Amino acid sequence: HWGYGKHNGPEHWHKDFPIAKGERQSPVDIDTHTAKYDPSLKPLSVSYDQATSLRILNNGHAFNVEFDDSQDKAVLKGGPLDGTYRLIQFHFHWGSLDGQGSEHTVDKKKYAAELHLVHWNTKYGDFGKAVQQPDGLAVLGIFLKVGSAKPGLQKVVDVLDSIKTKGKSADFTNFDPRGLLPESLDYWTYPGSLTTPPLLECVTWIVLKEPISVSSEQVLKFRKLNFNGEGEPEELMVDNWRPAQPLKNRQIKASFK
Ligand SMILES: NS(=O)(=O)c1nnc(-c2ccccc2Cl)s1
Ligand SMILES: [Zn+2]
């Protein structure tokens, strides 16, 4: 099966998922000097006051916090989007060391980790239909750098122990994802894909310019998770990130100059 190890990692994915070599794959390097400022872009509208988290899950590839998306509770609008996108889950990618871990890079700089808040376009009625459309998903990407602690993240950090191995889940209610946002919502955007299989080209990427800060201790706890299931030989969950892919015929746009 696919993974992030030497025998099943990203350069192998194309054998089972040939869209891996497609024309609008993610992530990409953001070259800040060739990004085009687009004054037509609207500000992002993040409406997460009525967010309802449900559960946190180790799926063997990351951990996901899941939200109730049966209603327009937590939604993303504005920016380069037309329409309303509902939050369904968030997850992270991170490294074995602080100098790597993000999926996107900025002028080839890697960050320690990357947060993805995944939303789907409610005109398609359910997530499974949305991933089959070119405008079906919008993923908000936020970089993490190591420095001070992020108080808003600690609640997540403290449950990881209970979902250490693949397939484990825990109740996770009343978590407010507003606690994970930077001060500024300035962004870059481009059309891209899921960065894990099935690698579908259905995502409008919105990558925030301002990183959030987390402490070494916090990121350290991420690295204690396991890719394996219980009773299996221990494989630490680290470096679950996909390299930058060719930009090909795409323009990255910026909401700021
Ligand atoms: N890293 S990511 O946000 O582009 C992403 N990639 N794959 C995702 C996915 C794949 C299968 C089912 C559900 C999701 Cl949410 S979400
Ligand atoms: Zn992701």
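Every number for a ligand or one of its atoms is a count from 1 in the order of the listing. Heavy atoms only: backbone and side chains are in, while hydrogens, waters and symmetry mates are out. Position 1 is the first residue of the sequence, and the numbers go up from there.
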Student: Atom 4 (O) of ligand 1: which protein heavy atom is closest, and how many Å away?
Tutor: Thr195 N, 3.1 Å
Student: With heavy atoms only and a cut-off of under 4.0 Å, state how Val118 meets ligand 1: side chain, backbone, both or neither.
Tutor: side chain
Student: Nearest to atom 14 (C) of ligand 1, what protein heavy atom do you find, and at what distance?
Tutor: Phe127 CZ, 4.1 Å
Student: Does a donor on one side chain and an acceptor on the other come within less than 3.5 Å for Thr165 and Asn226?
Tutor: no
Student: For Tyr4 and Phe227, take the angle between the two ring planes, folded into 0 to 90°, and tell me which bin it lands in: parallel under 30, tilted 30 to 60, perpendicular over 60.
Tutor: parallel
Student: At a 4.0 Å threshold, what atoms of ligand 1 neighbour a non-hydrogen atom of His93?
Tutor: 1 (N)
Student: Testing the 3.5 Å rule here: is there a donor-acceptor pair between the side chains of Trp241 and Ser102?
Tutor: no
Student: With a 3.5 Å cut-off and no angle check, do the side chains of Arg242 and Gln25 form a donor-acceptor pair?
Tutor: yes
Student: Report the nearest protein non-hydrogen atom to atom 15 (Cl) of ligand 1: residue, atom name, distance rounded to 0.1 Å.
Tutor: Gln89 NE2, 3.7 Å
Student: What is the NE2(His91)-the Zn ion (ligand 2)-NE2(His93) angle, to the nearest 10 degrees?
Tutor: 110°
Student: Could you identify the N, O or S atom of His116 positioned closest to the Zn ion (ligand 2)?
Tutor: ND1
Student: Among all the protein's non-hydrogen atoms, which is closest to atom 7 (N) of ligand 1, and how far away is it?
Tutor: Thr196 OG1, 3.1 Å
Student: With a 4.0 Å cut-off, would you call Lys155 and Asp176 a salt bridge?
Tutor: no
Student: For atom 16 (S) of ligand 1, which of the options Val203, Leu199, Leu194 provides the nearest non-hydrogen atom?
Tutor: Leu194
Student: Is a side-chain donor-acceptor pair under 3.5 Å present for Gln100 with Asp239?
Tutor: yes
Student: Give me the residue, atom name and distance of the protein heavy atom closest to atom 3 (O) of ligand 1.
Tutor: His91 CE1, 3.2 Å
Student: Run the salt-bridge test on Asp171 and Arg55 with the 4.0 Å N-O cut-off and return the result as yes or no.
Tutor: no
Student: Decide whether the shortest distance between a heavy atom of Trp205 and an atom of ligand 1 is less than 4.0 Å.
Tutor: yes
Student: Report the nearest protein non-hydrogen atom to atom 11 (C) of ligand 1: residue, atom name, distance rounded to 0.1 Å.
Tutor: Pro198 CD, 4.1 Å
Student: Is atom NZ of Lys164 surrounded by more than 12 heavy atoms (other residues, nucleotides or ligands) closer than 6.0 Å?
Tutor: yes
